[PDB]
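First comes one chain, alone, set out as C-alpha cells in the form deposited in one PDB entry.
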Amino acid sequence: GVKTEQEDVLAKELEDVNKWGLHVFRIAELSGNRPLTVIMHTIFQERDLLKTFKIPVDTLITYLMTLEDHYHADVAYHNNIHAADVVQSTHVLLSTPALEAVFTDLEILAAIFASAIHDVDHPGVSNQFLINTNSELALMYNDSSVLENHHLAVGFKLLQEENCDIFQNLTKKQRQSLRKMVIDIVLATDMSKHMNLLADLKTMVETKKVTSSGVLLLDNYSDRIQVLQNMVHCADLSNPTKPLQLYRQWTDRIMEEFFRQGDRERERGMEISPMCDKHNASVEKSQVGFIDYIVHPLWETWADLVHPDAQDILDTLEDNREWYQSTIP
C-alpha cells in the first residue's frame, strides 16, 4: 500500500508528508530503509501524477527502488534519506499559498523528480576533493559541477533499466521540456553557484509581481525555472530550518561524512578541507556560521518572495541558530 512494507505505523507518520518536519528518519526505519520509494510513491499518488502522466504504478516503484539502490548506504549524509528529505521538502514548498496554480503538472513533476535524483550515486566527497585527487569523474566533467552532472546522468540513465521508464507516456515535447527543467534544477544545486543564485533571487524579489491574494505572477520560462531552482536549493539547504531533533541528526551525519573526507585527505598528505578535520573541529560554531552566512540569507530571501508563507520556517531557523550558539564549548 505504501509501496514497500511491513509492520506499519508508517501510515500515521506519512500523515505528515504535507508538513515541514515530517520525521523522515522514522519513515526510513519503518519502511525498511526505503524512505525515498515510500515518500515518492505517496507524493505521486497525492498529486495524482500517475493518472496525469499515465505512469504505471509498477514502473514507478521499480524505478524508485532502483534509484534508491544507487544512493550509497555507507555515506552518512548524502544517502537515500537525504534524497527523501529533499523530495518531501520540495513537495511542501510547492504547496505554499503564494505559488497556488503557478506551476503546471509537468513543472511539478520536474521539481519532484529533480529532487529525487539530485544527489544520486554521491560518493561522500566534495567536488573539490574529486578535482584535487584527479578522479575519473573530474576528468569526465572537466572540473565543472562534477557531482551534479553525474547525478543527472545516473538519474536519467536508470530510466533505461527494465520497466523503469516512468516518462514513457509523456509526449516527445513534454519529455524534452522535463529533461531541460531537471538539468537546470540539479545543476543549480552545485554549492559553488549559491552566491550567484541568491543574488538573482534577490533581484527577483525586488521586482516581484503578485495578485491581490499575494500569488506570484511568473511570466516565462526564465521566471518559472528560477523559482524552481531556488526552491530545490532551499529544500537542499533546509536542515537548519527543521524541528531541532531532525536538525541535530542531520548535523551529526554531515560531520561524519566531512570527517571521513578529511581522513582521506590526511592519509594522502593533502591539506584537510574546511570543517573536515575531526581533530580540530568546532561543530556548533560551524553550524552558527553556516546559518549566518548561507542558510539565513537564502531563507530570508525565500521568505520575502512568498511572504508570509515561510514565517514559521524562518522563526525555527532563528531558534535553531540559538541552540547551536548556546552549545558552543
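The first residue of the sequence shown is number 1, and the count goes up from there. Whichever C-alpha set is largest while still superposing within 1.5 Å between the two forms counts as the rigid core. Only residues modelled in both forms are compared.
Unmodelled in at least a third of other entries of this protein, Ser212: Yes, left without coordinates in at least a third.
Mean temperature factor over C-alpha atoms, higher-scoring stretch between 91-99 and 198-206: Between 198-206 and 91-99, it is 198-206 that shows the higher mean C-alpha B-factor.
Entry-level comparison of average CA B-factors, 213-221 and 231-239, reporting the higher stretch: Comparing 213-221 with 231-239, the higher mean C-alpha B-factor belongs to 213-221.
Candidate set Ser126, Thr171, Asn149, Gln249 [ranked by C-alpha B-factor, highest]: In the PDB entry, the greatest C-alpha B-factor among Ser126, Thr171, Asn149, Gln249 is found at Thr171.
CA B-factor placement of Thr133, once the chain's modelled residues are sorted into thirds: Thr133: CA B-factor falls in the middle third of its chain.
Chain-relative CA temperature factor third for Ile43: According to the entry, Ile43 has a C-alpha B-factor in the chain's middle third.
Relative C-alpha B-factor of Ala76, binned into the chain's lowest, middle or highest third: Middle third of the chain for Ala76's C-alpha B-factor.
Third of the chain's Cα B-factor distribution that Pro35 belongs to, per the entry: Lowest third of the chain for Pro35's C-alpha B-factor.
CA B-factor ranking of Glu161, expressed as a third of its chain: CA B-factor rank for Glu161: highest third.
Another form exists, deposited in another entry; not displayed. Remarks below refer to it.
Which of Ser212, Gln160, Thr207, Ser222 is displaced between this form and the one not shown by 2 angstroms or more at its C-alpha, rigid core aligned: Everything else stays below 2 Å; the exception is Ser212.
Note on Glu7-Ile39 C-alpha separation in the other form, which departs from the shown form by 3 angstroms or more: They are closer; the C-alpha distance drops by 3 Å or more in the other form.
Shift in CA distance, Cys164 and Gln6, in the other form relative to the form shown here, given it is 3 Å or more: Those two alpha carbons end up farther apart in the other form.
Structural rearrangement between this form and the one not shown, runs of 3 or more with C-alpha shift of 2 angstroms or more, core superposed: Runs with every C-alpha shifted by at least 2 Å: 1-8, 211-213, 278-281.
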